[PDB]
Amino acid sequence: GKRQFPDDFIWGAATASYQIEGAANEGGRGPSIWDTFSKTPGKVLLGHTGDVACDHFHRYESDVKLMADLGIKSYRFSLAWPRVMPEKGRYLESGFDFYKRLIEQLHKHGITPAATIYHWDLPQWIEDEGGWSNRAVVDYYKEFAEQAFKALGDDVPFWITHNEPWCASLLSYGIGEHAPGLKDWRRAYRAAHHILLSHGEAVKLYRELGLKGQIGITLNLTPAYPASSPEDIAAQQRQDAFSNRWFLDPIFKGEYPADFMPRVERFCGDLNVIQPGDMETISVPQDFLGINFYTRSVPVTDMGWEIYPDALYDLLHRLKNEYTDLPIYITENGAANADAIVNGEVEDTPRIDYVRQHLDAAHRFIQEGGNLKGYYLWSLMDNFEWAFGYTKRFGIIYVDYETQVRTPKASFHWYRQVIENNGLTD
């Protein structure tokens, strides 16, 4: 029959600043690492950049109206650091103006803001000083977080310090797929530490300012599974440490995974990054945990990622059982689909099927006492898919980049029904 969610369950959709905003060179905005990276020959498919994107900086009013039609109770978006700290030693109070306008529209339509402080658009001038590998980044982030809390505080009840440390560190500085696109494990592990430390500083600052809302981190988690024989179980443990425990353990247990740190030191040498007090600051109590879930390791979406909703069920139980009794929010979940407009409609049935499977997994967790409080679909609209540019589409709303026309997909109409019914009804 019907799978009905809790009465107070928070239904949302999510975006990120560089991915939708455009207006990259307006209002004094300085370049981010992603401006530099996308503008570098060879780094992003077809040479796509986030100059323009969905032109959301300008079109926010109409976008919010689509959100009101959808019926989301919360909209998760990110704050553009480069609009506020565009160059070394320069602060633009006006850089938060857009967010103030956006938030007014949200409140007008009874939508709660959920603001992500850092979703990867580090100002280029900080990267020029070593970026996340430099300890001084912690103070720069603190300065930005401080101004965000002061500018928006009262109007934002739900704050996310950091989006996906694994990507901002390991994928960005170690693997080199994302800005700033370096290949240096020591640098990447230094970045991981400083991202985690900056999270903790922001939480501390939030308490000290006496704000009344909630603050937490968002982690992408990719459950690993063994193929089998003791070596396969060991392989699973290595993968799990690399993707998941490297971030979960410090946040919740105030230590890095001791099984994996020797491997890190083997390939990086001494990180020379952990200072006394750091691990305590990283493990400061949060109000909630945000998780971004897409797939597992060890049929597929348009990204070629395995569809495996059981991994989400297992993951939520793992968090409950091993890590935290805090409220969990799925801050992202979604799928790429090879979408086309036929007669002004987009029939993205595969996307519907994917979200239905994941919400069923979530519903099962809730039924078994799981403290899952909210779900945000990635994404509200098609957008700049990082290294893939505009070539991959995750939206429940189609965006023609030539015309900027928004066309709600079948998935939009389906999710609207899910929200209206507060659950699955098939």
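Each residue number is its position in the shown sequence, starting from 1.
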Unmodelled deposited residues flanked by residue 275 on one side and residue 276 on the other: none
Does the entry skip any residues of the deposited sequence between residue 298 and residue 299, and if so, is it 1 to 3, 4 to 9, or 10 or more, or none at all? 10 or more
Segment of higher mean CA temperature factor, 209 to 217 or 114 to 122: 209 to 217
Looking only at C-alpha temperature factors in the entry, 179 to 187 or 335 to 343, the higher average sits in 335 to 343
Top Cα B factor in the deposited entry, candidates 172, 105, 74, 286: 105
Looking at 329, 159, 246, 252, which has the biggest Cα B factor in the entry? 252
Residue 80 by Cα B-factor - lowest, middle or highest third of the modelled chain: lowest
Residue 351: C-alpha B-factor third of its chain, per the entry, is the middle
Taking the entry's C-alpha B-factors for this chain, is residue 373 in the lowest, middle or highest third? lowest
Among all modelled residues of this chain, ranked by Cα B factor, put residue 379 in the bottom, middle or top third, i.e. lowest, middle or highest. lowest
Entry-reported C-alpha B-factor of residue 36 relative to its chain, by third, is lowest
